[PDB]
>>> print(open('input.pdb').read())   # PDB, C-alpha atoms (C1' of nucleotides)
ATOM      1  CA  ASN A   1       0.000   0.000   0.000
ATOM      2  CA  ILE A   2       2.843   2.404   0.689
ATOM      3  CA  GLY A   3       4.139   1.735  -2.805
ATOM      4  CA  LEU A   4       0.598   2.212  -4.079
ATOM      5  CA  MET A   5       0.450   5.662  -2.557
ATOM      6  CA  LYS A   6       3.773   6.269  -4.287
ATOM      7  CA  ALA A   7       2.126   5.294  -7.577
ATOM      8  CA  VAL A   8      -1.070   7.305  -7.150
ATOM      9  CA  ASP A   9       1.148  10.286  -6.437
ATOM     10  CA  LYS A  10       2.559   9.684  -9.939
ATOM     11  CA  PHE A  11      -0.201   8.174 -12.068
ATOM     12  CA  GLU A  12      -0.450   9.913 -15.438
ATOM     13  CA  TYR A  13      -3.683   9.288 -17.299
ATOM     14  CA  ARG A  14      -2.896  11.610 -20.232
ATOM     15  CA  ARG A  15      -0.766   8.797 -21.615
ATOM     16  CA  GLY A  16      -3.949   6.788 -21.258
ATOM     17  CA  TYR A  17      -2.842   3.445 -19.845
ATOM     18  CA  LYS A  18      -5.104   1.619 -17.407
ATOM     19  CA  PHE A  19      -4.170   2.265 -13.794
ATOM     20  CA  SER A  20      -3.433  -1.287 -12.668
ATOM     21  CA  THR A  21      -0.851  -1.745 -15.415
ATOM     22  CA  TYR A  22       1.044   1.226 -13.985
ATOM     23  CA  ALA A  23       0.574   0.615 -10.271
ATOM     24  CA  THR A  24       1.773  -2.961 -10.513
ATOM     25  CA  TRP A  25       5.375  -1.925 -11.117
ATOM     26  CA  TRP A  26       5.380   0.249  -8.006
ATOM     27  CA  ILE A  27       3.691  -2.342  -5.833
ATOM     28  CA  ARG A  28       6.111  -5.086  -6.849
ATOM     29  CA  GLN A  29       9.042  -2.723  -6.384
ATOM     30  CA  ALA A  30       7.829  -1.789  -2.905
ATOM     31  CA  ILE A  31       7.158  -5.357  -1.792
ATOM     32  CA  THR A  32      10.502  -6.598  -3.083
ATOM     33  CA  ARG A  33      12.526  -3.717  -1.674
ATOM     34  CA  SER A  34      10.756  -4.490   1.567
ATOM     35  CA  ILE A  35      11.518  -8.203   1.565
ATOM     36  CA  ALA A  36      15.152  -7.539   0.767
ATOM     37  CA  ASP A  37      15.537  -4.811   3.345
ATOM     38  CA  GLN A  38      13.750  -6.362   6.311
ATOM     39  CA  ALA A  39      13.501 -10.142   6.020
ATOM     40  CA  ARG A  40      16.927 -11.192   7.266
ATOM     41  CA  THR A  41      17.931 -10.837  10.889
ATOM     42  CA  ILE A  42      21.392  -9.856   9.722
ATOM     43  CA  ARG A  43      20.335  -7.506   6.966
ATOM     44  CA  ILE A  44      22.265  -7.743   3.719
ATOM     45  CA  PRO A  45      22.079  -4.897   1.203
ATOM     46  CA  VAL A  46      19.739  -4.841  -1.778
ATOM     47  CA  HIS A  47      22.384  -5.480  -4.428
ATOM     48  CA  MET A  48      23.653  -8.506  -2.543
ATOM     49  CA  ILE A  49      20.213 -10.064  -2.336
ATOM     50  CA  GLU A  50      19.761  -9.528  -6.028
ATOM     51  CA  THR A  51      23.053 -11.334  -6.573
TER      52      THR A  51
ATOM     53  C1'  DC B   1      96.306   9.596  55.523
ATOM     54  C1'  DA B   2      97.103  12.311  50.583
ATOM     55  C1'  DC B   3      97.754  11.811  45.667
ATOM     56  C1'  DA B   4      97.148   9.063  41.318
ATOM     57  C1'  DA B   5      94.092   6.312  38.037
ATOM     58  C1'  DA B   6      89.722   2.600  36.613
ATOM     59  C1'  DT B   7      84.626   2.630  37.027
ATOM     60  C1'  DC B   8      80.070   4.367  37.640
ATOM     61  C1'  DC B   9      75.916   8.381  36.125
ATOM     62  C1'  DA B  10      74.405  12.293  33.175
ATOM     63  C1'  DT B  11      73.682  15.231  28.211
ATOM     64  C1'  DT B  12      74.512  15.680  22.479
ATOM     65  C1'  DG B  13      73.417  13.976  18.895
ATOM     66  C1'  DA B  14      72.038  11.624  15.374
ATOM     67  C1'  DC B  15      69.189   7.853  13.416
ATOM     68  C1'  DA B  16      65.745   4.385  12.519
ATOM     69  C1'  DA B  17      61.175   2.547  13.454
ATOM     70  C1'  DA B  18      56.377   3.506  14.421
ATOM     71  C1'  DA B  19      52.262   5.509  14.695
ATOM     72  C1'  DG B  20      48.494   9.267  13.791
ATOM     73  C1'  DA B  21      46.782  11.464   9.913
ATOM     74  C1'  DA B  22      45.459  12.672   5.300
ATOM     75  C1'  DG B  23      44.449  12.171   0.802
ATOM     76  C1'  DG B  24      43.450   9.455  -3.074
ATOM     77  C1'  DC B  25      40.988   5.294  -4.332
ATOM     78  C1'  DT B  26      37.771   1.877  -5.122
ATOM     79  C1'  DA B  27      34.400  -1.427  -3.668
ATOM     80  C1'  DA B  28      29.901  -1.112  -2.044
ATOM     81  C1'  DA B  29      25.575   0.503  -0.475
ATOM     82  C1'  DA B  30      21.488   3.049  -1.179
ATOM     83  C1'  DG B  31      18.123   5.713  -4.252
ATOM     84  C1'  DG B  32      15.006   6.093  -8.250
ATOM     85  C1'  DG B  33      12.421   4.812 -12.110
ATOM     86  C1'  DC B  34      10.179   1.627 -14.887
ATOM     87  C1'  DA B  35       2.761   2.505 -18.642
ATOM     88  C1'  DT B  36      -1.091  -4.273 -23.129
ATOM     89  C1'  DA B  37      -3.362  -6.125 -18.349
ATOM     90  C1'  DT B  38      -2.791  -8.639 -12.759
ATOM     91  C1'  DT B  39      -8.268  -7.046  -8.287
ATOM     92  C1'  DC B  40     -10.853 -11.103  -0.910
ATOM     93  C1'  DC B  41      -5.339 -15.231   2.559
ATOM     94  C1'  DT B  42      -4.502 -21.256   4.055
ATOM     95  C1'  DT B  43      -6.387 -34.472  27.060
ATOM     96  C1'  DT B  44      -8.471 -34.340  30.867
ATOM     97  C1'  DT B  45      -9.564 -31.935  35.516
ATOM     98  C1'  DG B  46     -10.614 -28.136  37.944
ATOM     99  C1'  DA B  47     -11.703 -23.343  38.822
ATOM    100  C1'  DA B  48     -13.618 -18.942  37.713
ATOM    101  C1'  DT B  49     -16.221 -15.948  34.654
ATOM    102  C1'  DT B  50     -19.891 -15.030  31.729
ATOM    103  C1'  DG B  51     -24.021 -15.528  29.690
ATOM    104  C1'  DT B  52     -28.690 -18.232  30.655
ATOM    105  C1'  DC B  53     -32.721 -19.797  32.841
ATOM    106  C1'  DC B  54     -35.713 -20.197  37.785
ATOM    107  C1'  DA B  55     -37.714 -18.983  42.382
ATOM    108  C1'  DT B  56     -39.862 -15.565  43.957
ATOM    109  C1'  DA B  57     -41.394 -11.363  45.904
ATOM    110  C1'  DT B  58     -43.746  -7.588  45.073
ATOM    111  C1'  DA B  59     -46.825  -4.241  42.433
ATOM    112  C1'  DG B  60     -50.682  -3.205  39.550
ATOM    113  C1'  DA B  61     -55.244  -4.840  37.774
TER     114       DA B  61
END
>>> encode(input="input.pdb", output="structure tokens")
Amino acid sequence: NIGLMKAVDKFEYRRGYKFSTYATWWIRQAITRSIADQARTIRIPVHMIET
DNA sequence: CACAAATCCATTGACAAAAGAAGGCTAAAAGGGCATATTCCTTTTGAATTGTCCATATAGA
């Protein structure tokens, strides 16, 4: 939801794409940045979890 | 019992190692930005309290 608020603060309908198509990127980005940042007890940075 | 010499404690001085810093670097860590469409999760025993009827006492009709 926090990512969703991020998206709604930046949804652009002039381009004319349906909302869900645009909000999905932000919601997946938020959930994944979350899981990387706060799922380990000994946190490891984002780039390292991507590796 | 005084005078002559070897043996101690102190500064000069320089010299090398060592550490505190500083800059220059580079690995790394953290942001930010993504636009065909995504729409509601997977064993008993006992005591004490709480919510449920029962006795009953009283107040109107």
>>> atom_distance(input="input.pdb", atom1="atom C1' of residue 37 of chain B", atom2="atom CA of residue 23 of chain A")
11.2 Å
>>> atom_distance(input="input.pdb", atom1="atom CA of residue 38 of chain A", atom2="atom CA of residue 3 of chain A")
15.5 Å
>>> residues_around(input="input.pdb", residues="residue 32 of chain B", least_positions_apart="3", cutoff="12 Å", atoms="only C-alpha atoms (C1' of nucleotides)", output="mmCIF file with C-alpha atoms, in the frame of the given file")
data_model
loop_
_atom_site.group_PDB
_atom_site.id
_atom_site.type_symbol
_atom_site.label_atom_id
_atom_site.label_comp_id
_atom_site.auth_asym_id
_atom_site.auth_seq_id
_atom_site.Cartn_x
_atom_site.Cartn_y
_atom_site.Cartn_z
ATOM 1 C CA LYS A 6 3.773 6.269 -4.287
ATOM 2 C CA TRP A 26 5.380 0.249 -8.006
ATOM 3 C CA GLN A 29 9.042 -2.723 -6.384
ATOM 4 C CA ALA A 30 7.829 -1.789 -2.905
#
>>> interface_residues(input="input.pdb", of="chain B", to="chain A", cutoff="12 Å", atoms="only C-alpha atoms (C1' of nucleotides)", output="list in words")
residues 28, 29, 30, 31, 32, 33, 34, 35, 36, 37, 38 and 39 of chain B
>>> atom_distance(input="input.pdb", atom1="atom CA of residue 28 of chain A", atom2="atom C1' of residue 41 of chain B")
18.0 Å
>>> residues_around(input="input.pdb", residues="residue 27 of chain A", least_positions_apart="5", cutoff="9 Å", atoms="only C-alpha atoms (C1' of nucleotides)", output="ChimeraX atom specification")
/A:1-4,6-7,32
>>> axis_aligned_box(input="input.pdb", around="segment 27-35 of chain B", padding_each_side="6 Å", output="lines of an AutoDock Vina configuration file")
center_x = 18.6
center_y = 2.3
center_z = -9.6
size_x = 43.6
size_y = 19.5
size_z = 30.2
>>> decode(input="input.pdb", residues="chain B", atoms="C-alpha atoms (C1' of nucleotides)", output="short mmCIF file (atom, residue, chain, number, x, y, z; two decimals), in the first residue's frame")
data_model
loop_
_atom_site.label_atom_id
_atom_site.label_comp_id
_atom_site.auth_asym_id
_atom_site.auth_seq_id
_atom_site.Cartn_x
_atom_site.Cartn_y
_atom_site.Cartn_z
"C1'" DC B 1 96.31 9.60 55.52
"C1'" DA B 2 97.10 12.31 50.58
"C1'" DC B 3 97.75 11.81 45.67
"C1'" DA B 4 97.15 9.06 41.32
"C1'" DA B 5 94.09 6.31 38.04
"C1'" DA B 6 89.72 2.60 36.61
"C1'" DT B 7 84.63 2.63 37.03
"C1'" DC B 8 80.07 4.37 37.64
"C1'" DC B 9 75.92 8.38 36.13
"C1'" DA B 10 74.40 12.29 33.17
"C1'" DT B 11 73.68 15.23 28.21
"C1'" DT B 12 74.51 15.68 22.48
"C1'" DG B 13 73.42 13.98 18.89
"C1'" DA B 14 72.04 11.62 15.37
"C1'" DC B 15 69.19 7.85 13.42
"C1'" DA B 16 65.74 4.39 12.52
"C1'" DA B 17 61.17 2.55 13.45
"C1'" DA B 18 56.38 3.51 14.42
"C1'" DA B 19 52.26 5.51 14.69
"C1'" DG B 20 48.49 9.27 13.79
"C1'" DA B 21 46.78 11.46 9.91
"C1'" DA B 22 45.46 12.67 5.30
"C1'" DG B 23 44.45 12.17 0.80
"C1'" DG B 24 43.45 9.46 -3.07
"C1'" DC B 25 40.99 5.29 -4.33
"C1'" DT B 26 37.77 1.88 -5.12
"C1'" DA B 27 34.40 -1.43 -3.67
"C1'" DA B 28 29.90 -1.11 -2.04
"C1'" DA B 29 25.57 0.50 -0.47
"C1'" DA B 30 21.49 3.05 -1.18
"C1'" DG B 31 18.12 5.71 -4.25
"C1'" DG B 32 15.01 6.09 -8.25
"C1'" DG B 33 12.42 4.81 -12.11
"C1'" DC B 34 10.18 1.63 -14.89
"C1'" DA B 35 2.76 2.51 -18.64
"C1'" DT B 36 -1.09 -4.27 -23.13
"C1'" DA B 37 -3.36 -6.13 -18.35
"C1'" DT B 38 -2.79 -8.64 -12.76
"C1'" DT B 39 -8.27 -7.05 -8.29
"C1'" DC B 40 -10.85 -11.10 -0.91
"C1'" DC B 41 -5.34 -15.23 2.56
"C1'" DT B 42 -4.50 -21.26 4.05
"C1'" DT B 43 -6.39 -34.47 27.06
"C1'" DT B 44 -8.47 -34.34 30.87
"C1'" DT B 45 -9.56 -31.94 35.52
"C1'" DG B 46 -10.61 -28.14 37.94
"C1'" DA B 47 -11.70 -23.34 38.82
"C1'" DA B 48 -13.62 -18.94 37.71
"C1'" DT B 49 -16.22 -15.95 34.65
"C1'" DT B 50 -19.89 -15.03 31.73
"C1'" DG B 51 -24.02 -15.53 29.69
"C1'" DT B 52 -28.69 -18.23 30.66
"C1'" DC B 53 -32.72 -19.80 32.84
"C1'" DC B 54 -35.71 -20.20 37.79
"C1'" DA B 55 -37.71 -18.98 42.38
"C1'" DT B 56 -39.86 -15.57 43.96
"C1'" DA B 57 -41.39 -11.36 45.90
"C1'" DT B 58 -43.75 -7.59 45.07
"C1'" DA B 59 -46.82 -4.24 42.43
"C1'" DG B 60 -50.68 -3.21 39.55
"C1'" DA B 61 -55.24 -4.84 37.77
#
